[PDB]
Amino acid sequence: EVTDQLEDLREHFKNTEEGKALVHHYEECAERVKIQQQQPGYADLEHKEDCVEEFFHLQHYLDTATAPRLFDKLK
Amino acid sequence: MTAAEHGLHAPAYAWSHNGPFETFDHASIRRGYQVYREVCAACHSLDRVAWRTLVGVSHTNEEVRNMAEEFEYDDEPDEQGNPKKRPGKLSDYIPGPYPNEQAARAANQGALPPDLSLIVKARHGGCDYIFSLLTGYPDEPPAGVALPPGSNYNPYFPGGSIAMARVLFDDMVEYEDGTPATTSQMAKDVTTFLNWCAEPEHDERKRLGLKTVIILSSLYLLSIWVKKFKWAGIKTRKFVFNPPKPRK
Amino acid sequence: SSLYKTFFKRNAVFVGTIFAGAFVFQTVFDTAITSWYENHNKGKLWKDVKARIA
Amino acid sequence: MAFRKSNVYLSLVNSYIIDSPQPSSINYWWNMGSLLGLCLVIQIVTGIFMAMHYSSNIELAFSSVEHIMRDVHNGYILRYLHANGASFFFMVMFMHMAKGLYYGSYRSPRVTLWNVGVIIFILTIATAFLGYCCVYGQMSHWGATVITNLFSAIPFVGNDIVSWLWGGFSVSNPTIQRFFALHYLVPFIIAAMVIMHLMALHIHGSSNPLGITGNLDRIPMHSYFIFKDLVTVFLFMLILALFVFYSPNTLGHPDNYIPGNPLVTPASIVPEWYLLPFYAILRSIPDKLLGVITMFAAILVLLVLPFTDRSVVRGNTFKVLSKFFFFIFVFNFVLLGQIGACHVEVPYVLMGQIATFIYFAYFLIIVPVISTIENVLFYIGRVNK
Amino acid sequence: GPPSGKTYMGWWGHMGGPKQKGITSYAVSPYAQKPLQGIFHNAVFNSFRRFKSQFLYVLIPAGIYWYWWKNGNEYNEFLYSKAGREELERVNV
Ligand SMILES: CCCCCCCCCCC(=O)OC[C@H](COP(=O)(O)OC[C@H](O)COP(=O)(O)OC[C@@H](COC(=O)CC)OC(=O)CCC)OC(=O)CCCCCCCC
Ligand SMILES: CCCCCCCCCCCCCCCCCC(=O)OC[C@H](COP(=O)(O)OCCN)OC(=O)CCCCCCCCCCCCC
Ligand code: HEM
Ligand code: HEM
Ligand code: HEM
Ligand SMILES: COc1c(O)c(C)c(C/C=C(\C)CC/C=C(\C)CC/C=C(/C)CC/C=C(/C)CC/C=C(\C)CCC=C(C)C)c(O)c1OC
Ligand SMILES: CCCCCCCCCCCCCCCCCC(=O)O[C@H](COC(=O)CCCCCC)COP(=O)(O)OCCN
Ligand SMILES: COC(=O)N(OC)c1ccccc1COc1ccn(-c2ccc(Cl)cc2)n1
């Protein structure tokens with residue numbers, strides 16, 4: 001019946017424009033990679049690029065936008 | 001350090017016990033102990049909490065006597081020096097799953113799960129970090145991070161990789177009072193129970209501090225009144241000079 | 001007025017009245033603060049939860 | 001005469017508390033010495049009532065302090081008062097010392113009073129360090145390791161001093177049992193130095209904010225300055241109670257609620273807030289022996305000030321240039337604490353080096369040069385030809 | 001006991017200052033005046049007057065040291081980002 005309430009608000013704010021200005025930047029990074037460590041000498045790369053920074057940006061905005069509105073609904 | 005090696009900042013949730021006049025919600029403590037017994041206690045100990053301290057806080061005396069008797073404790077040896085066992089009593093402490101550190105690491109792929117009696121006070125962030133950890137495991141790790149085999153990603157742990165896997169999921173516990181046992185609901189009640197385990201004087205302390213701050217605040221204002229009265233002669237005293245004759 | 005030689009003057013019963021009032025003040029001050037605290041947090045306490053789990 | 005003047009014991013109370021002549025113009029900054037005396041009584045009394053329940057064995061120590069918190073009646077009041085009472089004791093002392101530096105109280109005829117005070121400060125850092133180690137959490141073990149291993153650099157004699165300090169080959173059980181017995185002792189030595197400190201004040205009495213003589217207008221202590229001191233006693237108790245009962249772990253570190261483990265190092269070993277500026281001075285010196293000398297030299301450069309101030313006026317009240325550089329030195333002392341709580345990384349390495357220089361140049365290069373300039377400006381402004 | 005080496009302060013009657021002549025002092029009892037009489041005309045007149053004098057000696061130093069902590073903390077966070085990894089390997093060597 002009731003789903004995880006945090007999962008609902010977490011899912012809602014991913015459909016605002018300071019939500020997708022952070023989703024896309026996180027991804028196209030996730031594209032751009034793929035190739036960026038697929039290729040040759042990868043086990044032999046010196047620095048392989050990742051995406052924790054842009055994930056963190058998305059999950060910082062989303063959390064401190066969802067923090068003051070959750071415990072109103074959790075019993 | 002980078003932000004990953006530090007960890008993600010925990011947010012500020014609106015806990016019902018935050019405030020100088022607030023108490024713990026004791027129905028959330030009672031529900032929280034049920035989540036501990038049925039989910040956490042398989043691999044975590046609670047060595048610093050005794051059975052008797054639950055009476056009058058989350059459970060009745062008759063309830064706690066029956067929970068303790070379901071465990072066996074070492075008795076003193078018999079008339080011939082052979083060891084005995086006995087059931088639990090109220091003066092006993094809550095037992096843990098493992099007998100030593102080697103058996104704990106063996107059952108968790110080398111890692112050791114910490115005792116939780118003081119985990120709210122022994123971590124930066126407090127209850128906001130414990131809640132955000134349990135509810136923070138993503139679906140996929142972010143593309144690029146290479147986890148070892150046997151580790152799980154969630155960004156609230158420093159480094160990004162933690163030896164614990166997600167253990168909370170919807171409707172695994174059936175609450176006695178009819179609350180929907182969603183993931184967030186159980187996480188909230190767990191953290192509230194654990195904060196009581198660390199600070200069992202929270203409610204008495206906040207009420208004795210109301211008495212002490214009211215008394216000392218009025219003494220401070222009375223002392224300012226009394227001083228300015230006893231100093232009024234010196235503050236308005238006046239001086240006059242008439243140059244004498246330098247005969248002397 | 002003549003509060004002086006019953007309230008202010010007689011230091012024998014001043015220090016007496018300081019202490020005699022110190023004991024009475026504590027009893028009523030305690031009861032008043034413990035009633036305000038237990039009422040501000042109504043619905044969280046154990047003695048009320050215990051009644052709801054009947 | 002009156003009994004309070006004739007009795008052997010009350011005559012000393014009267015001469016120090018009741019009839020003592022005080023300058024009429026002293027302000028509330030002269031009230032800090034009273035508070036430091038109440039602080040020492042708070043710590044000694046709270047500590048003796050906890051020592052009744054404490055065990056110093058390394059296998060029993062952390063759990064004894066948690067036993068004071070849970071099982072002892074009002075034991076959480078004793079510890080939090082005691083732990084936060086040491087943070088307050090150090091804050092009132094820094095303000096007491098900064099006052100004397102501003103109003104010139106170090107100068108003759110009060111050089112002896114300044115020197116007994118520098119001793120009290122050293123013995124007080126030692127006391128607090130020994131007590132934090134007796135908790136035996138994870139900041140307790142690795143803080144004692146870092147400081148005690150510094151003495152292994154003394155030439156030819158160092159590795160004998162560390163093994164005699166430890167009682168073995170590492171921070172272990174003999175180390176924790178000897179640090180508790182010494183930690184009980186040193187407070188009673190501080191009290192004996194506080195009596196010698198007061199004897200040296202009675203000779204010339206106190207100074208005043210104007211820096212001139214106070215023998216032309218004096219007020220007795222009783223019922224002008226006794227009741228002025230109650231004002232600051234109750235403000236001190238109020239703010240302390242607000243930390244003990246409503247925010248009792250904000251002036252600490254969470255790692256010290258983890259029990260001490262030699263096999264797992266913390267990610268950040270950080271002292272309490274009141275030893276951080278001296279911890280940044282140590283880390284700024286690349287060599288180990290020069291670092292431990294420069295850190296202790298930071299406490300004993302205060303003894304050089306009575307000979308480097310070259311002014312004919314006492315105090316800073318009428319001094320424009322010497323006010324600006326007094327407040328440069330204060331905020332440079334706050335940056336050293338911040339840098340002492342950071343990771344060793346660019347640019348916090350060079351910042352702590354330049355700021356360690358400014359700490360030492362104030363006492364040795366700045367004060368002599370501005371004092372001489374100010375003297376000559378007073379002269380040519382009045383005597384002009 | 002014997003007398004020790006003397007001071008620059010005495011006691012009541014022989015405090016050790018210069019001889020005074022021609023000064024008169026007047027005073028009134030505190031019981032005959034009203035307390036808490038003007039303490040506005042105090043916090044708004046004198047505190048603001050005392051503040052206005054001694055505030056440029058405290059705030060110009062505070063502004064120099066706080067700016068310094070800023071530009072360092074800003075630069076450090078850049079070094080340990082991914083856009084400042086090339087500079088880190090330059091300055092850390
Ligand atoms: C940790 C807790 C310890 C407890 C006590 C700490 C107190 C230390 C504060 C520093 C200090 O001692 O000097 C304060 C100084 C003013 O001293 P002054 O003699 O020149 O002015 C007498 C007044 O006009 C008459 O004050 P009056 O005697 O007429 O009324 C008393 C006053 C109470 O004020 C105090 O308690 C003083 C601490 O009543 C009120 O304020 C009514 C409002 C409820 O003010 C200044 O010059 C600048 C103050 C700002 C800088 C403070 C930063 C310190 C870190
Ligand atoms: C090893 C030992 C090293 C120790 C280093 C010491 C550093 C500890 C820091 C303690 C801070 C205390 C600073 C104030 C010093 C006390 C003396 C003083 O400042 O004099 C008060 C002065 C009075 O004003 P007047 O010049 O007019 O003289 C009186 C009138 N006849 O008026 C003033 O000067 C202004 C008073 C305002 C004080 C507040 C300014 C500082 C604010 C932030 C400080 C942060 C500290 C944590
Ligand atoms: C609701 C259930 C649980 C809660 C609230 C809980 C709580 C915690 C906490 C607070 C930590 C410490 C994280 C940190 O150090 O920052 C931890 C770590 C750990 N937990 Fe749990 N736990 C739960 C269930 C479990 C279960 C069921 C297991 C085993 C099957 C487990 C295994 C571990 C392990 C191995 C670690 C060590 C992490 C590491 O050091 O990398 N946990 N847990
Ligand atoms: C100048 C006086 C004193 C100072 C500045 C001082 C300082 C400290 C400090 C900083 C701690 C660690 C606080 C913490 O738990 O985080 C401590 C702990 C302790 N001190 Fe003291 N101390 C003083 C006097 C005494 C005396 C005289 C005794 C014994 C009679 C004592 C007994 C203890 C004990 C038993 C602990 C154990 C840990 C605790 O209970 O907090 N102290 N002290
Ligand atoms: C730690 C315990 C201490 C106690 C109980 C104490 C006590 C006192 C008292 C009651 C006074 C007279 C009132 C006053 O000027 O505020 C005083 C003055 C003084 N103290 Fe301390 N003090 C202590 C530490 C220190 C320290 C650490 C220093 C310097 C490093 C120091 C240096 C002075 C000086 C120079 C004066 C005279 C100030 C003047 O007359 O203008 N004292 N002390
Ligand atoms: C300028 O003029 C001043 C002045 O302004 C001030 C403020 C003072 C006031 C005082 C000081 C500045 C400091 C002096 C303080 C000391 C020497 C402190 C001694 C401290 C102690 C803590 C002694 C404690 C002894 C005990 C026996 C208590 C300990 C334990 C007990 C009672 C537990 C046992 C109980 C049972 C039931 C078994 C002056 O003396 C003074 O004159 C110069
Ligand atoms: C020891 C620390 C170093 C500093 C010196 C400490 C000084 C502070 C002492 C505090 C005051 C103590 C109050 C004393 C009360 C008056 C004493 C008295 O009446 O003297 C005696 C009687 O005293 C006694 O029998 C024993 C007193 C023991 C007190 C133990 C605390 C009265 O006799 P008399 O009238 O002749 O007065 C003495 C004249 N020199
Ligand atoms: C309150 O206790 C702590 O903060 N301790 O000590 C366990 C700690 C904890 C973590 C890291 C470092 C320290 C130590 O930091 C310092 C810096 C200087 N001293 C010192 C010590 C003795 C003497 Cl004589 C002179 C100077 N100690």
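Side chains included, hydrogens not; waters and symmetry mates left out as well; all remaining heavy atoms used. Just so it is clear: chains get the letters A, B, ... in the order the sequence lines come, proteins before strands, and each one is counted from 1.
Top candidate by heavy-atom pairs under 4.5 Å with chain D, chosen from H202(B), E201(B), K206(B), is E201(B). Taking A122(B), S117(B), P158(B) one by one and counting their heavy-atom pairs under 4.5 Å with chain D, the maximum is reached by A122(B).
In this structure, the portions of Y224(D) lying under 4.5 Å from any heavy atom of chain B include both its backbone and its side chain. With a threshold of 4.5 angstrom between heavy atoms, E204(B) approaches chain D through its backbone and through its side chain. If you measure heavy-atom distances from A50(B) to chain D, you find no contacts under 4.5 Å at all. Both the backbone and the side chain of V213(B) come within contact range of chain D, each with at least one heavy atom under 4.5 Å from a heavy atom of that chain. Heavy atoms closer than 4.5 Å to chain B are found in the side chain of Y80(D), but not in its backbone. Neither the backbone nor the side chain of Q138(D) comes within contact range of chain B, judged by heavy atoms closer than 4.5 Å. With a threshold of 4.5 angstrom between heavy atoms, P20(B) approaches chain D through its backbone and through its side chain. Looking at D229(D), neither its backbone nor its side chain comes within 4.5 Å of chain B, counting heavy atoms on both sides. For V233(D), no part lies near chain B; criterion is any non-hydrogen pair under 4.5 Å.
The two atoms that bring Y257(D) and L118(B) nearest to each other are O-CD1, 4.1 Å, heavy atoms only. The two residues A241(D) and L216(B) make their nearest non-hydrogen contact at CB-CD1, 4.3 Å. In plain terms, the two heavy atoms of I234(B) and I219(D) that are nearest each other are CD1-CD1, 3.9 Å. When all heavy atoms of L210(B) and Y246(D) are compared, the pair lying nearest together is N-OH, 3.6 Å. The shortest non-hydrogen separation linking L208(B) to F245(D) is CB-CE2, 4.4 Å.
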Check the pair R70(D), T53(B) against side-chain contact (heavy atoms from CB on, under 4.5 Å), reporting the backbone distance first and the verdict last. CA-CA 10 Å; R70(D) 297 166 176 271; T53(B) 68; over 6 Å; no
Would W231(B) and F225(D) count as a side-chain contact (heavy atoms from CB on, under 4.5 Å) if you check the C-alpha gap in whole Å, the side-chain angles of each, and the deciding distance to 0.1 Å? CA-CA 10 Å; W231(B) 266 78; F225(D) 286 112; 4.1 Å; yes
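Between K227(B) and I226(D) there is no side-chain heavy-atom pair separated by less than 4.5 Å. Side-chain contact check for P248(D) versus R205(B): some heavy-atom pair is nearer than 4.5 Å.
Expressed to the nearest 0.5 Å, how far OH of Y220(B) lies from CG of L230(D) amounts to 12.5 Å. Summarising the geometry, atom CG belonging to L238(D) is positioned 12.0 Å from atom CD1 belonging to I215(B); distances are rounded to the nearest 0.5 Å. Separation of atoms NZ (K121(B)) and CE (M69(D)) is listed at 4.5 Å; rounding is to 0.5 Å. Between the CZ atom in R237(B) and the CG atom in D217(D) there is a gap of 4.5 Å [rounded to 0.5 Å]. Here the straight-line distance linking atom CZ of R48(B) with atom CD of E66(D) works out to 6.0 Å at 0.5 Å rounding.
Other residues, nucleotides and ligands place no more than 12 heavy atoms under 6.0 Å from the NE2 atom of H9(B). Within a 6.0 Å sphere centred on CD of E59(D), other residues, nucleotides and ligands contribute more than 12 heavy atoms.
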